[PDB]
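A.B. asks: Below is one structure. I have some questions about it.
Read-outs: derived from the displayed coordinates by stated rules, not from any lab. Methodologically, a virtual Cβ is constructed for each residue, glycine included, from the backbone with ideal geometry; neighbour enumeration extends over all protein chains shown.
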Amino acid sequence: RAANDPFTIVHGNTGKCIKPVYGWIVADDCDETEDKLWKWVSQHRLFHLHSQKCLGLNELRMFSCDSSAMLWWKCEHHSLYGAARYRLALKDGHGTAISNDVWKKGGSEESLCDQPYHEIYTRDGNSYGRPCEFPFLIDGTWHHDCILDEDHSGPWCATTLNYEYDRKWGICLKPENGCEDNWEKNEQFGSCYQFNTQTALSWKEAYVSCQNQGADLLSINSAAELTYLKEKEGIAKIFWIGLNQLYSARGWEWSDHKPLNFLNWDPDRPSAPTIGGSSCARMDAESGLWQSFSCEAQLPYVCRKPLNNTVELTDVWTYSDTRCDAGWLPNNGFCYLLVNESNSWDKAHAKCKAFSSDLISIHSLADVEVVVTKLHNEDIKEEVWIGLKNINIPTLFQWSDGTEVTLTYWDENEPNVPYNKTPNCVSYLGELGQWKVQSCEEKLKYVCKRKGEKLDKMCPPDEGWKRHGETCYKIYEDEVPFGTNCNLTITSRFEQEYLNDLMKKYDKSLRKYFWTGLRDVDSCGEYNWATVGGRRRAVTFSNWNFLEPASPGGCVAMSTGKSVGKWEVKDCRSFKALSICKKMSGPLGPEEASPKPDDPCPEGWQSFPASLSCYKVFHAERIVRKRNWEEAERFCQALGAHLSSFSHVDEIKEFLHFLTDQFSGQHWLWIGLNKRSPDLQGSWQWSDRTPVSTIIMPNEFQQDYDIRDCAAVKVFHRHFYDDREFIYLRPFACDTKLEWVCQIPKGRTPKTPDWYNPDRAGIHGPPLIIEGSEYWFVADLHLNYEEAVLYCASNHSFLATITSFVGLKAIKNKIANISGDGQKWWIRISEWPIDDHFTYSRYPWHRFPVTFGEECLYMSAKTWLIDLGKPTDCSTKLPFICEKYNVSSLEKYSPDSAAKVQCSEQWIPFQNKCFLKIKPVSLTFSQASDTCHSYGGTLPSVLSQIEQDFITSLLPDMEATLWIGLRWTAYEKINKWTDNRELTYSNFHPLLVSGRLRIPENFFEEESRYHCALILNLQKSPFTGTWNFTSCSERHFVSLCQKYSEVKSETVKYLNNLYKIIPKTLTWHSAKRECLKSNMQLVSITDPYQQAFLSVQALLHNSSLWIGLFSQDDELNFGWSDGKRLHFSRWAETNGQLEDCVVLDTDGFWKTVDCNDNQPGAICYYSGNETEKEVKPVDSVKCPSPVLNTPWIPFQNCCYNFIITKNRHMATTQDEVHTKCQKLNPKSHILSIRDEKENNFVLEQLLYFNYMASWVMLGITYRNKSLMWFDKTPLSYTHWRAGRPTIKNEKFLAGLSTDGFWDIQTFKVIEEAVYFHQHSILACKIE
Ligand SMILES: *[C@@H]1O[C@H](CO)[C@@H](O[C@@H]2O[C@H](CO)[C@@H](O[C@@H]3O[C@H](CO)[C@@H](O)[C@H](O)[C@@H]3O)[C@H](O)[C@H]2NC(C)=O)[C@H](O)[C@H]1NC(C)=O
Ligand SMILES: *[C@@H]1O[C@H](CO)[C@@H](O)[C@H](O)[C@H]1NC(C)=O
């Protein structure tokens, strides 16, 4: 389990207590804690359970923590420091900061920081399982734990910071003693289940949620459990199963420690080996099939707790020096032997079965230890059979002779059960002796095992001396100092497990440590084994505790209570621990030097002579795009390398000093360290199977330390390591050994012949596609989506983006002529050319925690009109085509420099251009053209973001619509920008203008209408400045013309606001102090007008300036220094908030930097003319009881139920869905949106399930020859994609999409639109 326990603060120098009262700190008088209790809460704050106030600051006092008054503390060595190098101290009883003491727990010896913050998750509600956020304010009272009232279901908490303004709650998930409440005390069989649906949680988050309750994730071991999970009523259609491979070199493991014998892998997944693959599994409940999906997603899960669990063990680590039949290797009473002759599986089984033996069987780590240590150096170059076969359907591995499987040791990463294969065989490979699949038809060696009979003064066990087979172990009575007579050195994990069993058998209670000969004599941070004289055995194995490395000096010991064998670090000066040793050692173990410091790098890899390894760094501009930790590791493995993993503590600083020369700005990089695997139990590990031995990470008391399990390194332009999640995108740097060769799997470098042969072949034969650049048709080479994108993307070439219907028809004809009407091709279909730099996938109303998936599309030669907006399983090998970039920044025109340069008083100048305003009179586009031509210039053409910001800042005084002035023929691309300028970017919000491709009527002789664009002034809406396209035969207002001018390329008042640009180079705290010195505060941008004005003002200064945006919750939730809700945001990236404080870049985007830095300016604001902050939502609607684990979320006098559950009845869905919503709960019909805010609410609820559902079913019919809802009511409000539909029949499916638009799929056969039914949600409102 895991929970936060209330504690007390104790001083170290003066060994007494703490006492907060209304005014200040007073005399302790504690040891009667009925009047004081402290607990850590969010934002690194301390909360008192008695006064219900949070401590803060320079007089220290208890303030209500609904304020921004530097209410946060940090984790020092053994003390606490505040905002900027502050400190916490007391003087004569009263506490006051000192800025230069230690504080420990009550009844313990640690700095209030060693135990990580264990947050709790929620089960169901309007939050979808998001973790709690304590404290929360209700009825004027601050609650720090889950409450229990007669209104809600059970223990429920608030999941966000401000509960009053969000009204998002969730039923808590607390550890229970039995499986009676919120569980199912019986299952199939011998466990209790908890099916929590509607919870968009990642794999690691779901595992942490199931583990905090003492249980674990799912575990399927027999077909009975599978068929019980299939026929369960309240279960999600797709969820997690805990099956994962998050280790370095392990095949596939269960979440809980259970053997993997029953496999149900989907036969459609091609099992992408390195790029495009995954490491966590996923279960589909409709067919009950297993897939390998990228477990960075957000899918529901299910917890499983063993019913009446018992701690049963055995004598798995014993000793028996028995003899065998003169040649059979004896080990622990058994005899193993492998035949050197080539044989099959069944034939060899029958061969060595005729003796008094049969094929080998591995039940625990003893057999694995035998297989690895013996067998001629773990069978360096060999393949050996093993008596595990499968003939059942589904797959269920079983031993040749046995009763039950108990340990599975797979090879990373291929259990690899074929589709059409009745016999399934396993074999040995790898330096760790792991298992892979075979065909029971290859000729390779085999091993088998015999039960032998039971049977020197060099090792007398008379004095309590245990034996292991080659080297005995001996424990001593007591030893206070370190290494009194002996120090122990461990070499591998099997020796560690033997030592753990010996320690558990020796002692009977907890809190007795055993010494270990690992220390740092030089106090250099790197740990090495103690030298007993002429011994320099390097560290080959390491297993620390959760966060053990904390001091660059000390001595290690081994705990035995629950952290069995975890190498803890204690003071090597004075600390008592027991001692264990061995007699023999390894003479040939540390005698090996494989790398050589004289071998150079193969090609292009840079390295310094003090590295013995070649490096290859991937900058943030050369690559196709940044990627997550797992994607970076897979990209490094594809090239034959891994992430940078240093052995010594000087190599890290040398590598940092070597990379900081290749960088100008500061940006994080990926590293091999990660604690993602559940078997590590919190300890770190290197991805290349190298034991961690140095202090690399500090101890930051983060709120989600269990979730962020990846290590990121920071470079400076002058060794700071942080813990990032496995979802953030980040550049990386692979590294290879000085003697090993790299790989080239059709990626970056092996494009060298792919830049000459196919490029010229496509430039010669294939002509230019109609209305577009050249398209190279990469066929006869099937690659995944990630591999196709990596192949197409180059210095100029990239993945083919289709934005026109003419180009669509051309590529369709070329595909039909080249490959056929059956093959599929990877195409990125859109309406306007999208920029890979700015994804524009930012929600405008709120920043809710949902990571959207990848939109990897496809298209075929036939059925292209239907499958153009349907995503596929893009871990598939298919041909593709690559497009070519043209000369963008190479065209030069406008030779007139001093003649046309004329900026009069009716002209506002900006960067290399100038604008002029006219009256807001209304004219069409063809008239507005000559209206601007009446003056000298052109219509306003936008080529960058800051020009759009300048236009937006000029917009408030203009009309509600402006003619931007770019025209294009309908159903084609956009060019010429009315001024012979290449279209760089376009600002079309996908929530207002449908980003999908437009499909016209296929019968049009010459009716080629034109489409023009305009800028909207949406009157306080967050979409002002965006562009909208329309048939410009109509007329709109015109208030702007642009021209080019060459020779001439304080307290500011703006929209009832006073802005001051401080040019001082200072931090964010000093900036806030300087703003407060002028009776002002840091600017809080709450509207796009202020954002655009501040952006153009920052461009006028050519440097990024500070703003009033900062974070306290470990960069999870941002907020303004004024106490204003973050509603408007213009971040530069989706997941780019990598540091704490915020600055406003010159390009108009909010950059994020750690505000312990120097920025060349800041922005202070003052609001005196307009001071309005009165906003409070009212929620007085209570929904009925939840049904089938699907609650009713209230919204505006209604109760919606997005039924994400097993449903396959798709026969006459019109009445079927209605009866389904009816018998589920009366007084509730199908969903029918009749407003605009309701559509946004439905879209928000859909976006939480964007990984398993892309549409929400709507109740649209065609009764009485008109589109109307199921109820007797007309259809007032509608949100279509492109015009009103033309549905004449009544057989069609209406679905609210993931962009707010309503799509309609018509069909003639009911069994043809099942793809729309598989990805739909059945919502039944109440009203
Ligand atoms: C962005 O531009 C598009 C134009 O392509 C705008 O779509 C147009 O919006 C108007 C306003 O609602 C529609 O007029 C309505 O037509 C229905 C047809 O049944 C009629 O019943 C209403 O009384 C009203 O006249 C118009 O049909 C629609 N489409 C076109 C081609 O003009 C869109 O509104 C613009 N976006 C924003 C935010 O204004
Ligand atoms: C809900 O009902 C109350 C009282 O009938 C009404 O004041 C309120 O406007 C309703 N909500 C909406 C969104 O109309």
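A.B. asks: Report whether or not residue 997 is farther than 17 Å from residue 1283 by Cα and of a type in the set (A, V, I, L, M).
C.D. replies: Details: farther than 17 Å from residue 1283 by Cα: no; of a type in the set (A, V, I, L, M): yes.
In short, no.
A.B. asks: Within the range 181-202, does at least one residue satisfy the condition of being at positive phi and crowded, with 16+ Cβ neighbours inside 10 Å?
C.D. replies: yes
A.B. asks: Does the range 814-829 contain any residue that is closer than 20 Å to residue 1243 by Cβ and touching a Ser or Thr at 6+ places or on another chain (Cβ under 7 Å)?
C.D. replies: no
A.B. asks: Now, a different point. Limited to the range 869-887, what total is found for residues that are closer than 21 Å to residue 783 by Cβ, part of a loop (DSSP other than H, G, I, E, B) and among the hydrophobic types (A, V, I, L, M, F, W, C)?
C.D. replies: Adding up the residues that qualify gives 1.
A.B. asks: If I go through the range 1161-1205 residue by residue, how many of them are among the β-branched types (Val, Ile, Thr) and either within 16 Å of ligand 1 (Cβ to nearest atom) or out of contact with any strand residue (DSSP E or B) (no Cβ under 8 Å at 6 or more places or on another chain) (or both)?
C.D. replies: The qualifying residues number 4.
A.B. asks: Can you tell me which residues in the range 4-20 are among the hydrophobic types (A, V, I, L, M, F, W, C) and farther than 16 Å from residue 91 by Cα?
C.D. replies: Passing the criteria: only 7.
A.B. asks: Name the pairs whose Cβ atoms lie under 6 Å apart, with the first residue in the range 1186-1197 and on the phi > 0 side of the Ramachandran plot, the second within 16 Å of ligand 2 (Cβ to nearest atom) and in a loop (DSSP other than H, G, I, E, B), and 6 or more positions between them or separate chains?
C.D. replies: Close Cβ pairs satisfying both conditions: 1197/1181.
A.B. asks: Still on this structure, I have one more. Does residue 991 meet the test of being away from ligand 2 (no atom under 16 Å from the Cβ), more than 22 Å from residue 946 (Cβ to Cβ) and part of a loop (DSSP other than H, G, I, E, B)?
C.D. replies: yes
A.B. asks: Can you pull out the residues in the range 1183-1202 that are within 13 Å of ligand 2 (Cβ to nearest atom) and part of a loop (DSSP other than H, G, I, E, B)?
C.D. replies: 1195, 1196, 1197, 1198
A.B. asks: Taking the range 1007-1042 as the search range and keeping residues that are over 19 Å from residue 1095 (Cα atoms), among the small types (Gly, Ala, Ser) and crowded, with 20+ Cβ neighbours inside 10 Å, which one is nearest to ligand 1 (Cβ to nearest atom)?
C.D. replies: The extreme case among them is 1013.
A.B. asks: Under 8 Å between Cβ atoms, at least 6 apart or on separate chains: pull out the pairs that start in the range 1221-1244 with a residue that is of a type in the set (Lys, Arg) and end on any residue that is outside any helix (DSSP H, G or I) and surrounded by 15 or more Cβ atoms within 10 Å (Cβ to Cβ).
C.D. replies: 1227/1326
A.B. asks: When the range 928-957 is examined, which residues are found to be assigned to a helix (DSSP H, G or I), among the polar types (S, T, N, Q) and surrounded by 14 or more Cβ atoms within 10 Å (Cβ to Cβ)? Before you say what the answer is, go through the steps one by one.
C.D. replies: Within the range 928-957, the subset assigned to a helix (DSSP H, G or I) is 928-934, 945-957.
Cutting the leftovers down to among the polar types (S, T, N, Q) gives us 929, 931, 934, 945, 948, 952-953.
Of everything in the range 928-957, those that are assigned to a helix (DSSP H, G or I), among the polar types (S, T, N, Q) and surrounded by 14 or more Cβ atoms within 10 Å (Cβ to Cβ) turn out to be 929, 931, 945, 948, 952, 953.
A.B. asks: Just name the residue that is nearest to the chain's Cα centre (by Cα) out of those in the range 1276-1287 that are over 21 Å from residue 1216 (Cα atoms) and more than 11 Å from ligand 1 (Cβ to nearest atom).
C.D. replies: 1281
A.B. asks: Among 561, 553, which is more than 31 Å from the chain's Cα centre (by Cα) and farther than 15 Å from residue 516 by Cα?
C.D. replies: One residue alone meets the criteria, 561.
A.B. asks: Answer yes if at least one residue in the range 925-933 is out of contact with any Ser or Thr (no Cβ under 6 Å at 6 or more places or on another chain) and within 22 Å of residue 892 (Cα to Cα), and no otherwise.
C.D. replies: no
A.B. asks: Still on this structure: Filter the range 1161-1182 for residues that are crowded, with 16+ Cβ neighbours inside 10 Å and either within 16 Å of ligand 2 (Cβ to nearest atom) or not hydrophobic (A, V, I, L, M, F, W, C) (or both); which is nearest to residue 1326 (Cα to Cα)?
C.D. replies: 1167
A.B. asks: Restricting attention to the range 1269-1278, does a residue exist that is crowded, with 17+ Cβ neighbours inside 10 Å and more than 16 Å from ligand 2 (Cβ to nearest atom)?
C.D. replies: yes
A.B. asks: Further, regarding this structure: Of these, 386, 362, which one is of a type in the set (A, V, I, L, M) and assigned to a loop (DSSP other than H, G, I, E, B)?
C.D. replies: Going through 386, 362 in turn, the sole match is 362.
A.B. asks: Could you tell me whether residue 980 is away from ligand 2 (no atom under 16 Å from the Cβ), within 29 Å of residue 1089 (Cα to Cα) and either polar (S, T, N, Q) or in contact with a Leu (Cβ under 7 Å, 6 or more places away or on another chain) (or both)?
C.D. replies: Spelling it out, it is not the case that residue 980 is away from ligand 2 (no atom under 16 Å from the Cβ), within 29 Å of residue 1089 (Cα to Cα) and either polar (S, T, N, Q) or in contact with a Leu (Cβ under 7 Å, 6 or more places away or on another chain) (or both).
A.B. asks: Could you list all residues from the range 200-212 that are in contact with an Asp or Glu (Cβ under 7 Å, 6 or more places away or on another chain) and not in a helix (DSSP H, G or I)?
C.D. replies: 202
A.B. asks: If we keep just the residues of the range 974-1004 that are more than 39 Å from the chain's Cα centre (by Cα) and surrounded by fewer than 16 Cβ atoms within 10 Å (Cβ to Cβ), which is nearest to residue 834 (Cα to Cα)?
C.D. replies: 976
A.B. asks: Could I ask something else about it? Of these, 722, 688, which one is outside any loop (DSSP other than H, G, I, E, B) and within 28 Å of the chain's Cα centre (by Cα)?
C.D. replies: 722
A.B. asks: Restricting attention to the range 988-1006, which residues are among the basic types (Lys, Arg) and either over 28 Å from residue 1088 (Cα atoms) or within 14 Å of ligand 1 (Cβ to nearest atom) (or both)?
C.D. replies: Going residue by residue through the range 988-1006, those that are among the basic types (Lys, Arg) are 996, 998.
Of everything in the range 988-1006, just one residue is among the basic types (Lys, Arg) and either over 28 Å from residue 1088 (Cα atoms) or within 14 Å of ligand 1 (Cβ to nearest atom) (or both), namely 998.
A.B. asks: Same structure again: Looking only at the range 84-119, which residues are out of contact with any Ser or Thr (no Cβ under 8 Å at 6 or more places or on another chain) and under 25 Å from residue 706 (Cα atoms)?
C.D. replies: If the condition is that a residue be out of contact with any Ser or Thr (no Cβ under 8 Å at 6 or more places or on another chain) and under 25 Å from residue 706 (Cα atoms), then 108, 109, 110, 112, 113, 114, 115, 116, 117, 118, 119 are the ones that fit.
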